[PDB]
Amino acid sequence: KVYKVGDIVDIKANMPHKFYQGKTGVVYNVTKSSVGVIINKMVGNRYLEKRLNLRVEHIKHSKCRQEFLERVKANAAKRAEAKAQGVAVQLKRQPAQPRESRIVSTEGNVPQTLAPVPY
Amino acid sequence: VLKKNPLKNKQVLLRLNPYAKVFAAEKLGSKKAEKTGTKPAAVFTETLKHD
Amino acid sequence: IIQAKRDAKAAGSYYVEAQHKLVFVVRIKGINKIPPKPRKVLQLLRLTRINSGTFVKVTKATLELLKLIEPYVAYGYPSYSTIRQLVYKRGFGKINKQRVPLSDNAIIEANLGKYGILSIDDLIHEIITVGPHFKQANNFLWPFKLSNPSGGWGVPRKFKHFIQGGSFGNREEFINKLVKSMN
Amino acid sequence: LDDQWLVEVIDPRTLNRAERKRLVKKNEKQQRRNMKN
Amino acid sequence: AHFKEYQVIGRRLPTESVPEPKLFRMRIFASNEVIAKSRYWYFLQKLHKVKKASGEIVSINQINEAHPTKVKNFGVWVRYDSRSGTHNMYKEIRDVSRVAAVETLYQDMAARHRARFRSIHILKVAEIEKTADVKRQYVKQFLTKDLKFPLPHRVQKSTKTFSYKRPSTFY
Amino acid sequence: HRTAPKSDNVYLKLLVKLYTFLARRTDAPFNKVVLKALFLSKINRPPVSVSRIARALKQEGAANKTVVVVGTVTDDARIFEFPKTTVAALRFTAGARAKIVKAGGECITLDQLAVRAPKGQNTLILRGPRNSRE
RNA sequence: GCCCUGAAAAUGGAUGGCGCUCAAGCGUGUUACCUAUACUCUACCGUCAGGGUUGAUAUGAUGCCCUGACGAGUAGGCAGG
RNA sequence: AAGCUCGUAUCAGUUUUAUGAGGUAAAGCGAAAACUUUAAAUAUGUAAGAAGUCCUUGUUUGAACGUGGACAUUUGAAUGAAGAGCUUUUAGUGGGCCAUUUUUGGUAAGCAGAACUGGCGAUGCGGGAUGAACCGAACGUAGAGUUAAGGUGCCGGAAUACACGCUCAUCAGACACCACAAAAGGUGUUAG
RNA sequence: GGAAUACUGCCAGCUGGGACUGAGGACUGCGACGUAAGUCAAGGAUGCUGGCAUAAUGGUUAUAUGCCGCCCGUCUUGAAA
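Protein chains in written order, with the deposited numbering: chain T, 32 to 45, 52 to 156; chain C, 312 to 362; chain F, 62 to 244; chain w, 154 to 162, 174 to 201; chain S, 2 to 172; chain Q, 15 to 148.
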C-alpha cells in the first residue's frame, strides 16, 4: 500500500482520545512510521491548518473524485457520439424532477383497506 | 409617471393583450361544458362505500 | 385532466396527476432573531423582507430548501388566476437595476425577445408551463412586494404549522386564497 | 503518546522517545558522579 | 373546526420488480385535505415500515353522509396514550351524521381529559341500528315512547340595555 | 475612481472639459483612457524620458504613431540619435523641448492632438514606471 | 378531570385594580373586531447608483434633466456647513 | 479613509449529486441472534472541468514525468450575486453577561468542565400591569389601508359574541407549568 | 329514476356606497374608439357654483382637557440602582 504526497485521504479510526472520524484532507509528509496529513479546521469563522500524523493502518485512500473522473470521460464519450450525429448531448447533471401522471388499475389489486384494527 | 393597474381601467388592459378583446366577446369565462354520462365502475363505488 | 379521472373510475382504476412542478413562496417571519442556516437560504430566494414573494422550479434540490425554512414561510401551488394577477398588478421587471414596472410589452421584448418572449402572457406562459427559459424568466422579475392580508390570517397565533392550526408550511392549493388576499 | 493514533501538530513520537532517552541517561549520568564522590 | 370525512388511498411507490403494491386505504376525519394526508402517513409509520418519502397517495375523496337527516346512534372506540400507557374508551353519542359525532367527542375529550387533537385515535365509529343494543344510560334516556319534557327557566336575551317590565321566564 | 482632479488649475480644467465632451460623444476607446489619466496624482503621473520614447519608435511599423504622454517629458542625454517624430504631452523640459525640435521633431500640446486625432487614430500612449520610488 | 387538604408568620394590600360564579374561571371550537416607527401605496427630503446633456441667445457643467434603491447606531472615521 | 490595481465570469454561513465515517438497530432472511450483505436520518467532511481531457510516445510494460497534436461553449448540478485580491496607512477596542445545543464529571441541593450558536452591549418601537435578557418588530418626514404579537365586562380601543362540556372553594382560579413543597388524603363531583 | 341546492373554484360579468390622494406642466409614446373626419377614462384633475374679503382661516401666546413623558452629567456595562 503506497501513499504519495498529495493523496487525498479520509480518517477511520480502527478510541476515545480525539475525534475527527470521517474527515478528509491531503497528505504532505511520508515517513516509515506515520504519514503527514494536513487538515482544514475552522476557528471563529476562519480555517486553520492542522499538520498531523497518523498510523497508516487507520487511514484510507479516499476515492471521492471517482464519478468526476468518469463524467469528464463520459462527456467526451458522448461527445464522440455527438459529432457522429445531429443531436444535442444534454450532458448536464440534473436534479430529480417531479414525476408524471399515470393510471393505476385496481384489477389484480383490490385496495386492502385497513385501520388500527388492531390487526 | 404613474402605474395604471389593469383589471380595472380597461384601456390599459387593451394596451396589453389584444386577444383580451375577443375574450369578452365570446364570453369565454362563462363557457359551458357539455355533459357526458360516464358512470364509474361499481368496484369504485364499493370501495368508497366500504368501511 | 378532468376526463382522465372520469375514465379511470369507469374503468375501475385510479388516475393520479403529475406532481405540481411550480410553487410560490412568501416570507412570513421578520428580519431579526433568525439562525444563520435558514438566513442564508432566504437570501438565495431573494426573500429579503417580510411578505416578499417569488417562484421556484420544483426540483429535488429546491425541495430540500423548503424543509429548511419551513417555520418561516408559506407556500403551495399557484393557479392560473393567481399567477396572472401578480404579473399584472405586482409585476416588476429589472433593467440592470431599478425594479422597472412592466406597463407595455415593448419592455419585455427588448429584454426577452432574445428568448422569443415578446408579450406579457408569454412570460405568464413560461411560468405556469415551466419552460426552457424559466430560470431567466423567473430571474427577470423583481421579488413581489405584497401587503399584509385583507381578512387577516385565520389563526390567532401564526407561528405554528398550518397542519397543526398555524400558518407556516405547505398549503398546496390554499396558497391561492392567501395570495389574492395579499394582492 | 507513542502508541496513540494522532498527533495534533519529521515524526514527533520518536522525539518523545528521544527526550526520555536524555532523561533516562541523565539518571545514568548522575549515577556516575555520585559513584565517584 | 367543522371536520370532514376522507377516504385516503396510498400505494407506496412501485420499484423495479415490485410493481403494484396493495393500495392501503383509511377513513380520515379531518378539516381539510391537507391535514388528512398529513394524518395519513402518521398512521402508516405506526403500522409498519413505510415512510412518507417512500410512497405516494393514490387518491383522496370526501365521504358524504348517506342519510344526513336520519338520527343515528353511534358507538365509538377511542384509545389514547395517557397518562401512563394507553387504554380504550367506549362512549356513545346519539347524533345525526358521522362527522357530527366526532365533533362533540373532541369537544368532550378536551372538556374532561385535556385531550389534544394529536392525543386521540379514532379506532372505529359504528352505528348501532337496533335499540336495546345501546348500552350507556344517558343515551337510553331519550328513547322511551312519546318523550316529553319541559324547558324550565326560559331566559330571554335582551337586545338593548334597558327594559321596563321586570321580565319573567315565559311561562 | 476619481471623478474630478484635485488640482485647482484652471487650464487643466479646460482640458478636462474638452475630453469629457469627447469621451461622451466619440465612442472611441482612446479618449476615455486619456481622460482617466488626467485625474492622477503627482506620483501617478510619472515623468517619461525622451529615451523611453526612443524605445517606442524602434517597434514594428510604429515609427509614425504620434506618441502621446499624459505626464511630463524629461530629457536624457544617454542616447544621442533621435527620430523625427510627433510628440504631444503636458510639459516639456527645456532639454526635452530642444532635443525634439533639433532632431526635427514637432512638439505639440494635447488640445491640438485632439484636433488632429479626435478618435485618437494612429497614436501611441506611454506611461513611466510607477514602481520606481518606494 | 376538576375540587378541597398537601404548614406559614409577624405595619395595611393586592390575578394591575374593580370585581366576576350556566364566569368577566378552566379546556376547546367557530367567526367577527381592536392595533405598532411592522408591511402595501402616494407625496417629500437626503445619500448612493445608473443614464442623458456646451449648441448658441442666457446664464451657475462642481450645473441641469431622467431613472432606481435605500435612510438604526456608542467608541470611532469622513464630509458639508 | 485614500487610492488604480479588476469591472472578470468569479464566488457563496445553501442544497443536490457521488464519495465518506460514526450503524447507531429497525429490515433480516441465510449457515447450526451467531451473518454480511445491506435499510433509514442525526451532522458532517471531501469533490463537482478549459491550465479541461485525450492522443503523439519520449524521459526517468507499469507508474512518475514530458515533446507535440485534436477536442468551445447544453463547458460539464441547483440557486443567488460585478464588491476578488493587491501595495500603502490606521482610529478605536482584547476580557463579560444571558440563553440553547451537544458532551464529560458530579451531589442534600444548587452544579463543574469543555465545544457550538444565538441574544446583550452601542438599539429605540408594539405587547407582557410595571422589567437589560419574554413575545412581536428592517427606526428619514407625513397621509391612507392592512396586520404582528397580544387582546375585546369596566377602567381601555375592540363580541356581556356564538358553540359544547367541566368547576362552588371558611381566602377558588385567572401563571410564571409540562418544576417546588408533590407522595399520598378526602362518604366532593364528572367521565371511564 | 330524474332534478335542485350546499360546498369549493373561476369569469379580461354588471352595478351601488364610503374614505384618502390630485404629484406633474407646450408637443412626441402605448393605445382604444370610430367608415372616416375625428374622439377618448390613452405617459399624474378638471369643470361648475356660492360665501367671505376680515381676525374669517391661519399664526403666535397664555391656560384647560385627554394621552404620554422620572435629574442631568460622570463612573462602574448587572439591585444598575
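The beta carbon of each residue, even a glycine, is placed where N, CA and C say it ideally should be.
By the Cβ rule, the segment 142–150 of chain T counts as touching the segment 18–28 of chain S, because three or more pairs are nearer than 8 Å. Just measuring C-alpha positions, the residue of F/127, F/172, F/85 and F/93 sitting nearest residue 141 of chain F is F/85.
In this structure, S/57 is the residue among S/40, S/47, S/39 and S/57 with its C-alpha nearest to the C-alpha of residue 16 of chain S. The segment 337–349 of chain C and the segment 106–119 of chain T do not touch, with fewer than 3 CB-CB distances between them shorter than 8 Å. Listed along the chain, the chain S residues whose CB falls inside 9 Å of the CB of residue 359 of chain C are 8, 62 and 64. Segment contact: the segment 62–73 of chain F against the segment 197–216 of chain F, fewer than three CB-CB distances shorter than 8 Å; contact not assigned. The Cβ atoms of residue 90 of chain T and residue 71 of chain T lie closer than 8 Å to each other.
Here DSSP, grouped into helix, strand and coil, assigns residue 146 of chain Q to coil. Neighbours of residue 143 of chain T across chain F, judged by C-beta separation under 9 Å: 73, 74 and 75. Contact between residue 119 of chain F and residue 82 of chain F holds, with the beta-carbon distance rounding to 5 Å and staying under 8 Å. Distance between residue 221 of chain F and residue 89 of chain F, taken at the CA atoms: about 12 Å. Considering only Q/50, Q/103 and Q/98, the residue with the shortest C-alpha distance to residue 126 of chain Q is Q/103. Per the coordinates, the alpha-carbon of residue 52 of chain S lies some 43 Å from the alpha-carbon of residue 117 of chain T. The beta carbon of residue 106 of chain F sits closer than 7 Å to those of 86 and 115, all from its chain and outside the five residues before and after it, given in chain order. Contact between residue 129 of chain Q and residue 121 of chain Q fails: their C-beta atoms lie close to 15 Å from each other, not under 8 Å. For the segment 139–163 of chain S, not one full-length beta strand (DSSP E) segment reaches 3 residues or more. A residue is called buried when at least 16 other Cβ atoms come within 10 angstroms of its Cβ; residue 55 of chain Q does not meet this threshold and is exposed. In this structure, DSSP gives residue 124 of chain S an extended state, which the three-state scheme calls strand. Here the segment 66–76 of chain Q lies against the segment 90–102 of chain Q, with 3 or more beta-carbon pairs under 8 Å apart. Not one beta carbon of chain C lies nearer than 8 Å to the beta carbon of residue 211 of chain F. Note on the segment 125–208 of chain F: whole alpha helix (DSSP H) runs with a minimum of 4 residues are 141–149, 166–173, 182–189 and 195–201, in chain order. Using a CB distance below 8 Å, the part of the segment 81–94 of chain T facing chain w consists of 87, 88, 89, 90, 91 and 92, ordered along the chain. Within the segment 28–82 of chain Q, complete alpha helix (DSSP H) segments of at least 4 residues are found at 43–50 and 64–71, given in chain order.
Beta-carbon to beta-carbon, residue 181 of chain w and residue 155 of chain w are separated by about 6 Å, close enough to satisfy the 8 Å threshold. When Cβ-Cβ separations below 8 Å define contact, residue 204 of chain F makes no contact with chain C.
Per DSSP, reduced to three states, the secondary structure at residue 178 of chain w is helical.
Along the segment 97–123 of chain Q, the beta strand (DSSP E) occurs as fully enclosed runs of 3 or more residues at 100–103 and 120–123, listed in sequence order. In chain order, 323 place their CB closer than 8 Å to the CB of residue 316 of chain C, counting only its own chain and leaving out the 5 sequence neighbours on each side. Interface residue (Cβ-Cβ distance to chain T less than 8 Å): residue 104 of chain F is not classified as such. Contact between residue 78 of chain T and residue 159 of chain w does not hold, since the beta-carbon distance rounds to 13 Å and is not under 8 Å.
Chain F has a Cβ within less than 8 Å of the Cβ of residue 59 of chain S. Using a C-beta cut-off of 8 Å, the segment 188–202 of chain F makes no contact with the segment 214–228 of chain F, since fewer than three inter-stretch Cβ pairs fall below that distance. Under DSSP, the beta-bridge partners assigned to residue 91 of chain S are S/78.
The Cβ atoms of residue 99 of chain S and residue 72 of chain S lie no closer than 8 Å to each other. For residue 159 of chain w, no beta strand (DSSP E) segment is defined, and its DSSP state is neither H nor E. Following the DSSP letters along the chain, one finds residue 138 of chain Q inside the beta strand (DSSP E) bounded by residues 137–140.
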